[PDB]
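Student: Let me give you the structure first, and then I'll get to my questions.
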Number of protein chains: 4
Amino acid sequence: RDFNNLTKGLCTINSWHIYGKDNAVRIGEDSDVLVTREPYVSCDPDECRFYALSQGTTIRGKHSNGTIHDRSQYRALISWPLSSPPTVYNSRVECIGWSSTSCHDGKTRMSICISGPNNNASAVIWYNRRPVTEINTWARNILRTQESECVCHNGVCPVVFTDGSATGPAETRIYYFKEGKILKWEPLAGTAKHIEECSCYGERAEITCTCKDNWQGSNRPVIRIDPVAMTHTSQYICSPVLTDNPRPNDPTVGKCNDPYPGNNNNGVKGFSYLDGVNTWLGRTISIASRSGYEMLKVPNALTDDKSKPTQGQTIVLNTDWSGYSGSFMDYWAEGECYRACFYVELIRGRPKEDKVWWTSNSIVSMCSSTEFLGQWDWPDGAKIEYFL
Amino acid sequence: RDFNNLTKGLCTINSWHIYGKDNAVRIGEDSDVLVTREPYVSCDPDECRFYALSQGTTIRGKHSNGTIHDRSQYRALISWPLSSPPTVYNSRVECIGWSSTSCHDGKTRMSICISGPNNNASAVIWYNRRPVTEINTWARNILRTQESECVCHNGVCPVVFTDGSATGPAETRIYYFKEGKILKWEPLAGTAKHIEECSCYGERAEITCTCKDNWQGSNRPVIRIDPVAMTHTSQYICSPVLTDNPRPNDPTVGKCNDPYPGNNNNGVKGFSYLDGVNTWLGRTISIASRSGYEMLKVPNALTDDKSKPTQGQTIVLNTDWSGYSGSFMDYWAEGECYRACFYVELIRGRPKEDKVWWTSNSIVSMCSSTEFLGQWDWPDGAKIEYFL
Amino acid sequence: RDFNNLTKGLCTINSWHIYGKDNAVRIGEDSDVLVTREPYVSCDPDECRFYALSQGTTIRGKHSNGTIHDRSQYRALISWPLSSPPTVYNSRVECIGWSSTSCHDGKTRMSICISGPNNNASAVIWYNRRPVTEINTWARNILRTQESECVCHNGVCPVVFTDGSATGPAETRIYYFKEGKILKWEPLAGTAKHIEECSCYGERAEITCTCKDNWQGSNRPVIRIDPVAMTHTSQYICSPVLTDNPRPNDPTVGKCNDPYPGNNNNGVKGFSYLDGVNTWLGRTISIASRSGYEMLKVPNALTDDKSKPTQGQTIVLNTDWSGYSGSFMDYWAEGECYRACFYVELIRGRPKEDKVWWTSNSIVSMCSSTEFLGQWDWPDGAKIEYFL
Amino acid sequence: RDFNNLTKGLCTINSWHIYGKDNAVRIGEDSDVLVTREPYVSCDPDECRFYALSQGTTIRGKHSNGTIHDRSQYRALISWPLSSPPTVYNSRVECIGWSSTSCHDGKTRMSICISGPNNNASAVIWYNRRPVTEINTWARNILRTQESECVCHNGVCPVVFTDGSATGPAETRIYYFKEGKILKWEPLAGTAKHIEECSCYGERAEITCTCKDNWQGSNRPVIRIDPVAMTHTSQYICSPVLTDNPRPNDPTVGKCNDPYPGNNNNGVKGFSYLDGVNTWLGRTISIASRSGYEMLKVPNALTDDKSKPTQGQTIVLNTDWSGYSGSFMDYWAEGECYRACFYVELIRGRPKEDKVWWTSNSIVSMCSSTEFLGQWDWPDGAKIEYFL
Ligand SMILES: *[C@@H]1O[C@H](CO)[C@@H](O[C@@H]2O[C@H](CO)[C@@H](O[C@@H]3O[C@H](CO[C@H]4O[C@H](CO)[C@@H](O)[C@H](O)[C@@H]4O)[C@@H](O)[C@H](O[C@H]4O[C@H](CO)[C@@H](O)[C@H](O)[C@@H]4O[C@H]4O[C@H](CO)[C@@H](O)[C@H](O)[C@@H]4O[C@H]4O[C@H](CO)[C@@H](O)[C@H](O)[C@@H]4O)[C@@H]3O)[C@H](O)[C@H]2NC(C)=O)[C@H](O)[C@H]1NC(C)=O
Ligand SMILES: *[C@@H]1O[C@H](CO)[C@@H](O[C@@H]2O[C@H](CO)[C@@H](O[C@@H]3O[C@H](CO[C@H]4O[C@H](CO)[C@@H](O)[C@H](O)[C@@H]4O)[C@@H](O)[C@H](O[C@H]4O[C@H](CO)[C@@H](O)[C@H](O)[C@@H]4O[C@H]4O[C@H](CO)[C@@H](O)[C@H](O)[C@@H]4O[C@H]4O[C@H](CO)[C@@H](O)[C@H](O)[C@@H]4O)[C@@H]3O)[C@H](O)[C@H]2NC(C)=O)[C@H](O)[C@H]1NC(C)=O
Ligand SMILES: *[C@@H]1O[C@H](CO)[C@@H](O[C@@H]2O[C@H](CO)[C@@H](O[C@@H]3O[C@H](CO[C@H]4O[C@H](CO)[C@@H](O)[C@H](O)[C@@H]4O)[C@@H](O)[C@H](O[C@H]4O[C@H](CO)[C@@H](O)[C@H](O)[C@@H]4O[C@H]4O[C@H](CO)[C@@H](O)[C@H](O)[C@@H]4O[C@H]4O[C@H](CO)[C@@H](O)[C@H](O)[C@@H]4O)[C@@H]3O)[C@H](O)[C@H]2NC(C)=O)[C@H](O)[C@H]1NC(C)=O
Ligand SMILES: *[C@@H]1O[C@H](CO)[C@@H](O[C@@H]2O[C@H](CO)[C@@H](O[C@@H]3O[C@H](CO[C@H]4O[C@H](CO)[C@@H](O)[C@H](O)[C@@H]4O)[C@@H](O)[C@H](O[C@H]4O[C@H](CO)[C@@H](O)[C@H](O)[C@@H]4O[C@H]4O[C@H](CO)[C@@H](O)[C@H](O)[C@@H]4O[C@H]4O[C@H](CO)[C@@H](O)[C@H](O)[C@@H]4O)[C@@H]3O)[C@H](O)[C@H]2NC(C)=O)[C@H](O)[C@H]1NC(C)=O
Ligand SMILES: *[C@@H]1O[C@H](CO)[C@@H](O[C@@H]2O[C@H](CO)[C@@H](O)[C@H](O)[C@H]2NC(C)=O)[C@H](O)[C@H]1NC(C)=O
Ligand SMILES: *[C@@H]1O[C@H](CO)[C@@H](O[C@@H]2O[C@H](CO)[C@@H](O)[C@H](O)[C@H]2NC(C)=O)[C@H](O)[C@H]1NC(C)=O
Ligand SMILES: *[C@@H]1O[C@H](CO)[C@@H](O[C@@H]2O[C@H](CO)[C@@H](O)[C@H](O)[C@H]2NC(C)=O)[C@H](O)[C@H]1NC(C)=O
Ligand SMILES: *[C@@H]1O[C@H](CO)[C@@H](O[C@@H]2O[C@H](CO)[C@@H](O)[C@H](O)[C@H]2NC(C)=O)[C@H](O)[C@H]1NC(C)=O
Ligand SMILES: *[C@@H]1O[C@H](CO)[C@@H](O)[C@H](O)[C@H]1NC(C)=O
Ligand SMILES: *[C@@H]1O[C@H](CO)[C@@H](O)[C@H](O)[C@H]1NC(C)=O
Ligand SMILES: *[C@@H]1O[C@H](CO)[C@@H](O)[C@H](O)[C@H]1NC(C)=O
Ligand SMILES: [Ca+2]
Ligand SMILES: [Ca+2]
Ligand SMILES: [Ca+2]
Ligand SMILES: [Ca+2]
Ligand SMILES: [Ca+2]
């Protein structure tokens with residue numbers, strides 16, 4: 001109909017309720033489920049769906065061997081009905097590639113897939129299910145993007161890309177698209193020293209992205225975008241409650257404009273909702289591996305370098321595997337506020353579980369509740385032994 | 001379009017005709033059928049569908065081992081086309097959880113799923129396929145609901161929940177929802193001493209629920225709801241034709257306001273159509289187990305403590321496994337009256353058939369006929385030996 | 001929109017072109033294809049689909065053992081997209097039962113399924129996918145119907161049913177339905193001595209049904225129905241070109257009002273297009289078994305007791321298995337005439353191929369061409385050995 | 001809505017971006033994927049889909065044995081969602097046969113399938129999913145057509161057919177269809193000596209077809225059609241950059257009106273975009289087998305007998321199997337020009353890989369970009385050893 005405008009603020013997050021869970025690995029042990037990774041969730045005005053990068057093979061299939069690898073010609077961005085697993089028969093291919101993002105502007109959806117060899121990748125921007133624009137690699141070193149939904153305001157959908165080194169300064173760009181066309185792009189500015197895999201959400205005409213500094217920071221970089229002025233700023237979450245993985249133990253004081261040191265060249269896609277006292281941070285429980293997952297209410301985390309948790313909710317036990325996590329919201333829901341949501345990728349297989357030769361995942365997702373709900377843990381649920 | 005109003009009375013039930021049957025267990029022996037239990041049927045203005053709580057695994061899958069358990073993080077309310085089996089590829093997830101209800105108000109559908117550990121469960125009410133309201137456990141002991149469809153009148157959809165003990169007094173509440181929002185809730189009143197798993201239907205602006213007294217009664221408690229005044233009453237079916245399972249043998253006189261004694265802390269979800277002389281009761285044939293199923297016309301069963309059968313129809317032979325049973329009607333059918341319908345869950349596997357490690361079921365459903373139709377029996381039809 | 005009216009006459013049939021073929025048995029050797037029999041084809045204003053009676057199991061499934069049996073509680077009328085096979089995942093259940101018919105009146109579809117034990121069967125008439133009317137057995141001996149599509153004119157859809165003996169006089173009735181309701185029914189009249197499994201088509205406000213005399217005739221009985229007056233007549237195809245199976249060899253003169261003798265208590269569902277010189281008869285090539293299939297142009301076959309073929313087309317070689325055959329037309333196609341169509345059931349398995357324990361079939365269907373097209377043969381195509 | 005008119009010219013092709021890839025063989029190793037060959041892509045105003053000739057069996061199925069054969073009664077033209085594989089459950093049958101073409105005229109789609117024995121084949125033209133016209137073989141020797149999409153202009157959709165010898169002069173006809181009806185047909189004229197499997201596209205009210213001279217030419221014949229005047233011309237691509245397979249090595253000067261000699265009675269379906277300096281030719285890398293695939297910018301290839309490449313892009317490495325290739329465009333995309341697209345059939349199995357008994361393929365497809373994008377190679381990706 002008309003382009004969606006981020007006119008609402010976030011609902012008060014007093015807890016998280018279960019939203020969707022596909023049990024993909026459990027089910028796929030005996031059905032035609034595609035191997036995936038890098039999943040996310042994204043809504044259209046009339047439906048919300050699961051998304052992920054397929055590996056072009058079923059989990060039980062012999063070609064599942066080797067799926068620990070991130071980039072190949074057999075990957076594609078696929079979407080499928082909420083809480084169903086990604087099967088060969090119900091998965092819709094959005095585009096071909098090994099890195100992606102996607103978002104609905106209120107009229108139709110834009111999907112972006114990057115493919116290519118490491119030194120010669122290219123992004124193709126699809127709009128209304130047709131290819132419209134292409135962008136060639138600018139630094140010839142793994143052109144890559146969000147791996148979770150983008151956000152639009154009045155037809156303008158900003159997207160963060162990075163090209164170049166993963167362990168030194170790289171060239172990050174913010175593209176402002178409208179109907180799949182490039183209105184403008186800027187180089188990253190601000191104090192964030194390295195950006196990768198941004199998780200974004202929008203509220204009150206502003207888009208907030210919590211990304212990952214693979215190079216040096218264990219605290220997360222944040223990019224705040226003005227989609228009208230088509231400008232942005234960047235900094236790090238000030239809070240001592242560190243949210244990357246791996247990471248050092250939490251200090252008593254964090255860093256607002258520099259990476260918090262202790263762990264180099266590694267990390268995991270993650271997210272946060274930065275809204276004053278209504279601030280919630282997601283993170284793996286383990287400081288060493290992609291294990292467990294918890295949400296922590298850390299009032300003013302973005303700007304307070306001594307902020308610590310006032311409430312929390314465990315999502316996945318530390319004795320269970322987690323993975324990437326990102327933000328999304330149903331911008332077309334009823335009500336006066338946007339309900340914050342997120343997903344956690346529950347990785348199974350390699351490298352942690354090497355008795356099998358594949359790597360895949362399932363998805364669990366929650367949204368906020370203004371109630372103070374009881375908590376449960378949500379593991380993948382599959383028994384690896386069954387796959388042997 | 002407009003909210004549906006319960007303006008019609010029930011059609012005269014002179015017999016029951018076959019409505020739907022999915023043969024899920026037979027088919028699933030060699031196809032991707034999800035393991036389920038707690039099924040039901042519910043109609044939208046343009047389609048009627050089968051519903052059930054998936055176990056997050058196929059029957060042939062290795063994760064089917066252990067599905068005798070009722071609550072886990074791998075369950076979800078799913079719906080699928082009438083008479084098809086619940087397959088991985090055609091099952092639509094309504095919400096995540098281990099206890100549910102769902103009903104269409106004429107404009108859109110409300111689905112409710114409860115999830116959580118036993119001492120910290122919560123219900124999330126979905127409307128128009130979006131989460132709208134959440135209710136935290138009030139007694140910290142297995143918050144649970146109907147396991148069959150709710151009913152709406154002018155947008156108001158009452159739902160019966162129970163939280164607390166299964167073998168002593170508990171806290172049952174009647175919630176009046178409208179567009180997924182809580183208009184009001186009441187504690188249970190009347191003479192019913194314990195309520196669980198209500199089976200409801202509506203006619204002439206009144207909603208009748210036949211539930212189960214797990215604690216003491218072998219006769220069934222009944223809750224009659226006024227969805228306009230948003231008030232209710234409760235009693236037991238007066239009839240000596242006892243309809244819970246297990247149960248003692250039928251006496252010559254029943255109880256109207258107390259549980260009929262003889263069997264404690266056990267029972268099965270069931271239903272009835274209480275409409276004066278047009279009254280029909282469903283029940284297992286066996287007084288000891290979930291075996292067989294029959295419909296008995298017991299005129300004035302609700303109010304006559306000496307009422308006995310005047311007609312009957314066998315649905316499932318006593319040599320075949322049955323299970324839960326509940327009511328539903330197509331409130332959007334043509335004609336001058338609502339045609340009473342019901343389903344019977346045909347449980348296969350554990351605990352009765354323990355040579356297999358799973359527990360699942362298929363569904364059979366009938367609706368009333370004003371004709372006096374010949375009868376057939378409708379078993380699940382699967383051979384357990386094939387699964388060995 | 002509006003009820004369809006049989007305003008056109010048949011197109012001139014100069015040959016038959018391939019219309020649809022599902023290769024169900026070939027495909028089902030390694031995919032989730034339901035076991036079926038008694039198939040047919042029927043069109044809606046916007047789509048034409050394959051129909052059949054499922055056996056409630058896949059062909060590869062262990063429950064396929066015993067599917068030679070015609071009636072069980074596990075059968076149902078299913079429909080699926082033209083030329084696709086009947087799979088667990090794409091088959092839509094129309095109703096439950098072991099004998100059926102179905103037809104679209106231009107506004108919506110009426111489907112009829114009969115279920116029950118032999119002495120207590122009942123038909124339930126569905127309209128707009130809802131049960132509307134039920135008819136109890138009148139002779140307590142296998143109430144049964146067409147097994148191919150019915151035909152409507154101005155909302156009136158006549159259907160032929162038979163109840164009683166298969167080897168002596170029975171009680172055949174013609175029901176005139178409108179919106180699933182019974183407007184009227186008549187007992188069979190005319191000279192046809194026994195009627196079963198009528199194959200019908202409509203043209204110029206008249207409905208012609210070629211049925212089967214299981215009792216005595218090797219020539220086929222024909223019922224011509226006036227859907228406006230709601231009256232009918234019956235006789236036999238006069239032609240010496242005999243079209244039942246089994247049957248004696250063709251004589252030089254046939255019978256117009258008596259069964260042509262030579263074979264008792266057996267037969268096969270079949271069809272014909274009786275339109276003066278534009279008359280075409282279908283039949284198995286073998287006089288002993290359901291083997292092969294051919295179309296023969298026999299001018300004035302219905303009324304000329306010495307009529308013999310003037311043209312022909314082989315459909316299935318005598319070295320290949322055939323089975324039931326029936327008529328249907330797309331009453332919603334463009335043009336000035338109705339194009340005659342038919343299907344042939346290609347039965348595989350028992351009793352002819354007893355190395356397997358199942359019985360199923362695939363479907364081949366053709367429509368007429370005004371051209372004189374070259375001919376091909378169309379076998380099922382599966383290798384039974386693969387199933388061993 | 002209204003018939004589409006070829007009002008735009010081609011976009012400038014500066015490189016090719018990835019459009020779709022189904023990874024059919026990889027996926028089908030462990031899922032219900034139909035065996036196919038002769039694939040293509042074709043768009044409707046609201047969706048673009050993959051098309052191919054099914055073999056009526058899954059790849060893992062036992063009936064896959066022998067699928068190297070081109071014509072049988074078990075083949076059919078099927079279409080399925082872009083980039084999904086052709087599965088038993090998502091494949092839509094357009095018509096039955098072993099040679100086909102299909103195209104949308106802006107209002108609805110026309111599909112053509114030819115079936116029959118070699119000496120008695122016939123084409124049936126479907127429009128709006130109904131059979132409308134039939135054409136009998138005129139030379140009694142494998143009536144055959146494009147194997148890729150046709151193109152329409154103001155409702156007129158020309159199609160090229162060939163009947164007769166594959167190794168001597170044959171009878172090629174150009175049919176001009178409108179709503180499935182024949183408006184006119186012409187015999188082939190011009191200097192092309194033999195025509196088979198034309199790949200066509202339209203721009204500025206002209207339709208260009210790059211075909212294959214199976215008899216003598218290693219350079220490709222080209223047919224340019226005027227869909228308004230319903231007339232055409234034919235010649236060969238003048239360029240010395242030879243594009244059939246097998247073929248001799250490239251000379252320094254080609255032939256404009258005669259086949260370039262060196263290889264007789266063999267070839268492969270291929271295509272080209274002939275647009276002055278914006279000319280791009282596709283071809284296998286190997287001159288001996290269907291191995292590899294590359295796009296070469298050869299300015300004025302059609303008319304310049306000394307034209308050589310000025311740019312290029314490798315699509316499939318010479319160490320990977322290719323096959324047929326053809327053209328298609330989304331005539332309903334936004335913008336001022338038509339974006340040239342093509343697909344490459346990646347054949348697996350026999351005859352090159354004879355350790356398996358089947359022959360199938362997957363599909364890769366690209367569209368042009370005005371950018372100068374980096375290149376990747378796109379192989380089928382399956383490991384034959386897994387199928388052993
Ligand atoms: C039924 O359901 C309800 C609802 O869920 C249940 O109630 C919830 O219970 C939760 C668990 O108790 C609770 O979550 C905790 O909240 C704490 C904050 O509240 C307390 O402090 C505030 C502020 O003073 C008070 O107002 C309030 O009254 C409380 O006293 C958080 O602090 C908790 O998080 C910390 O602990 C957990 C372990 O429990 C860690 O995993 C987590 O990371 C936090 O601790 C680490 O980080 C901090 C900050 O840097 C460090 O100081 C600390 O030492 C830890 O650091 C180590 O560990 C991390 C992670 O591994 C590592 O990176 C670091 O380097 C160190 O090694 C926790 O979030 C909910 O708020 C509460 N909800 C409600 C509404 O009440 C109820 O129990 C359930 N009922 C039943 C019967 O089960
Ligand atoms: C073709 O189809 C038609 C249509 O279906 C077939 O006709 C039907 O036939 C049915 C079977 O005969 C019949 O069903 C029975 O109806 C009885 C009522 O009718 C009779 O009584 C009335 C009232 O006097 C008369 O008007 C009428 O003329 C009849 O005489 C019911 O009473 C029957 O139910 C009882 O019996 C069955 C076993 O048959 C039990 O399973 C059932 O639970 C009932 O009996 C138990 O309960 C009562 C009440 O407390 C006890 O008194 C009794 O002792 C039993 O108690 C024990 O068992 C229960 C259950 O296990 C346990 O809990 C308890 O503790 C005790 O141990 C039965 O419903 C249909 O009405 C009839 N329909 C029609 C339209 O005619 C026809 O036969 C078919 N034709 C062919 C050729 O097959
Ligand atoms: C390319 O394609 C074209 C188009 O398909 C091919 O041309 C077609 O070729 C067909 C086969 O030749 C042909 O079909 C036959 O047509 C005959 C009628 O035409 C002839 O007679 C008329 C009338 O005089 C002439 O006008 C005309 O010129 C012809 O001369 C039919 O009579 C044929 O049917 C009979 O024969 C077949 C076997 O071929 C039997 O299976 C069939 O049942 C018919 O014969 C039985 O029945 C009759 C009637 O009672 C008996 O008299 C006879 O003895 C047989 O009876 C025995 O067998 C039956 C069945 O088993 C049993 O029940 C009984 O008891 C006895 O045991 C046949 O239909 C097409 O018309 C023709 N089409 C066209 C447009 O030309 C062309 O060949 C192909 N090209 C190539 C290169 O292959
Ligand atoms: C990142 O991505 C970019 C974008 O893709 C990469 O850049 C591309 O690199 C490509 C590979 O170098 C390049 O493709 C080549 O383009 C040549 C034309 O450009 C050159 O000549 C023009 C004209 O003078 C100059 O303007 C220009 O500056 C260049 O110098 C083509 O000529 C190439 O095709 C020929 O070579 C390939 C092998 O590379 C053959 O397979 C192909 O068939 C062509 O050669 C055969 O055919 C010709 C014509 O008859 C014969 O003369 C020749 O001898 C060959 O003949 C034999 O082989 C054939 C085929 O087997 C057989 O039939 C015959 O009988 C003989 O046996 C090639 O197309 C892109 O244009 C370029 N793109 C851009 C935008 O720059 C970049 O490298 C990537 N980066 C990294 C780091 O990898
Ligand atoms: C989002 O904001 C823009 C205004 O910036 C709205 O766009 C206007 O919509 C009406 C109706 O389509 C037009 O007549 C105006 O010209 C539109 N645009 C501009 C850019 O002025 C848009 O409708 C808003 N979206 C919603 C859902 O209300
Ligand atoms: C069910 O009853 C309510 C009346 O209580 C009907 O609601 C009215 O509908 C018309 C048309 O939508 C409105 O103009 C009235 O204001 C509505 N509501 C009320 C609450 O007054 C409703 O239409 C009835 N449903 C049906 C199917 O007739
Ligand atoms: C089939 O015939 C009936 C007439 O018998 C047509 O029905 C009339 O249709 C118009 C428009 O719906 C009405 O105003 C008339 O009253 C209708 N019926 C009768 C029974 O008189 C019907 O439209 C015809 N069908 C088609 C497709 O034209
Ligand atoms: C393609 O060209 C034809 C004109 O040749 C357009 O057809 C005209 O469309 C309008 C509206 O449908 C009619 O009133 C004219 O009579 C149509 N036809 C002719 C043949 O004159 C057609 O609309 C054009 N297609 C598009 C998409 O614009
Ligand atoms: C099922 O689980 C039980 C309990 O863990 C185990 O002992 C049993 O062997 C399992 N059965 C199968 C077939 O795996
Ligand atoms: C099929 O059933 C028959 C009869 O019960 C039995 O003897 C036979 O062995 C079964 N065949 C198979 C393969 O199970
Ligand atoms: C395939 O068919 C050939 C030829 O009939 C046969 O010899 C061969 O063994 C078959 N291969 C397999 C795996 O069945
Ligand atoms: Ca880091
Ligand atoms: Ca399988
Ligand atoms: Ca009880
Ligand atoms: Ca007979
Ligand atoms: Ca050639």
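Starting from 1 in every chain, residues are counted up; chains themselves are A, B, ... following the order of the structure tokens, and ligands are numbered from 1 as listed.
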Could you name the residues that touch residue 153 of chain D at 12 Å or less, counting only C-alpha atoms, but leaving out those on the same chain fewer than 4 positions away, as a PyMOL selection string?
Tutor: chain D and resi 2-8+103-107+157-158+176-179+201-207+225-230+331
Student: How would the residues just picked look written out with C-alpha atoms as a JSON list (two decimals), in the first residue's frame?
Tutor:
[["chain", "number", "residue", "atom", "x", "y", "z"],
["D", 2, "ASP", "CA", -3.27, -6.30, -22.04],
["D", 3, "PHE", "CA", -1.04, -8.21, -24.42],
["D", 4, "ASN", "CA", 2.62, -7.42, -23.91],
["D", 5, "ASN", "CA", 4.37, -5.46, -26.67],
["D", 6, "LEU", "CA", 8.14, -5.64, -27.26],
["D", 7, "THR", "CA", 8.58, -1.89, -26.96],
["D", 8, "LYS", "CA", 12.00, -1.83, -25.27],
["D", 103, "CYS", "CA", 5.55, -18.33, -23.29],
["D", 104, "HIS", "CA", 3.24, -15.79, -21.61],
["D", 105, "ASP", "CA", 1.61, -13.22, -23.91],
["D", 106, "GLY", "CA", 0.83, -10.78, -21.11],
["D", 107, "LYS", "CA", -2.69, -12.10, -20.53],
["D", 157, "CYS", "CA", 3.58, -15.76, -30.37],
["D", 158, "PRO", "CA", 5.78, -17.21, -33.15],
["D", 176, "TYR", "CA", 2.24, -17.55, -35.57],
["D", 177, "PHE", "CA", -0.17, -18.36, -32.72],
["D", 178, "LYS", "CA", -2.66, -16.09, -30.98],
["D", 179, "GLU", "CA", -4.65, -17.40, -28.01],
["D", 201, "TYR", "CA", 14.18, -13.22, -27.36],
["D", 202, "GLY", "CA", 12.34, -10.06, -28.40],
["D", 203, "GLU", "CA", 13.17, -6.37, -28.48],
["D", 204, "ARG", "CA", 11.82, -3.37, -30.36],
["D", 205, "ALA", "CA", 9.06, -5.39, -32.11],
["D", 206, "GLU", "CA", 11.47, -7.96, -33.52],
["D", 207, "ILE", "CA", 12.10, -11.55, -32.37],
["D", 225, "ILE", "CA", 10.94, -12.72, -37.01],
["D", 226, "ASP", "CA", 8.62, -9.79, -37.58],
["D", 227, "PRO", "CA", 5.58, -10.72, -35.44],
["D", 228, "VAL", "CA", 3.41, -7.94, -36.93],
["D", 229, "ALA", "CA", 4.02, -8.65, -40.62],
["D", 230, "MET", "CA", 4.35, -12.32, -39.63],
["D", 331, "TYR", "CA", 9.35, -8.75, -20.22]]
Student: Could you list, as a list in words, all protein and nucleic acid residues with an atom at most 10 Å from ligand 13, counting only C-alpha atoms and all ligand atoms?
Tutor: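 Taking only C-alpha atoms and all ligand atoms into account, the residues around ligand 13 at most 10 Å away are residues 30, 31 and 32 of chain A; 30, 31 and 32 of chain B; 30, 31 and 32 of chain C; 30, 31 and 32 of chain D.
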Student: List all protein, DNA and RNA residues that have an atom no more than 7 Å from any atom of ligand 11, counting only C-alpha atoms and all ligand atoms, and report them as a short mmCIF file (atom, residue, chain, number, x, y, z; two decimals) with N, CA, C and O atoms, in the first residue's frame.
Tutor:
data_model
loop_
_atom_site.label_atom_id
_atom_site.label_comp_id
_atom_site.auth_asym_id
_atom_site.auth_seq_id
_atom_site.Cartn_x
_atom_site.Cartn_y
_atom_site.Cartn_z
N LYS D 62 14.36 -46.40 -8.94
CA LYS D 62 14.84 -47.44 -9.86
C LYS D 62 14.51 -47.16 -11.35
O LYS D 62 15.26 -47.56 -12.23
N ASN D 65 16.90 -45.60 -14.30
CA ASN D 65 17.72 -46.38 -15.18
C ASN D 65 17.17 -46.27 -16.59
O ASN D 65 16.03 -46.64 -16.85
N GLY D 66 17.97 -45.72 -17.50
CA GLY D 66 17.54 -45.61 -18.88
C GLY D 66 17.11 -44.23 -19.35
O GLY D 66 16.85 -44.02 -20.54
N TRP D 357 23.31 -45.15 -13.98
CA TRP D 357 22.46 -45.56 -15.09
C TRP D 357 21.45 -44.51 -15.58
O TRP D 357 20.65 -44.77 -16.49
#
Student: Taking into account only C-alpha atoms and all ligand atoms, which residue in the set B:215, B:138, B:273, B:74 is nearest to ligand 1?
Tutor: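 Once distances to ligand 1 are computed over only C-alpha atoms and all ligand atoms, the minimum belongs to B:138.
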Student: Give me, as a ChimeraX atom specification, the set of residues whose atoms come within 9 Å of any atom of ligand 4, counting only C-alpha atoms and all ligand atoms.
Tutor: /A:117,119-121,140 /D:14-16,239-243,247-252,283-287,292-297,307-314,318,371-376
Student: For segment 182-199 of chain B, list every protein, DNA or RNA residue within 7 Å, evaluated using only C-alpha atoms, and leave out those in the same chain fewer than 4 positions away; present the list as a VMD selection string.
Tutor: chain B and resid 145 to 148 160 162 169 to 170 172 to 178 209 to 215 221 233 to 236 257 to 258 269 to 271 326 to 327
Student: Which chain C residues are at most 8 Å from chain D (counting only C-alpha atoms), as JSON, numbers by chain?
Tutor: {"C": [17, 18, 19, 20, 21, 23, 26, 27, 29, 30, 31, 47, 81, 82, 83, 84, 85, 87, 89, 90, 333, 369, 371, 372, 373, 374, 375, 376, 377, 378, 379, 381, 382, 383, 386]}
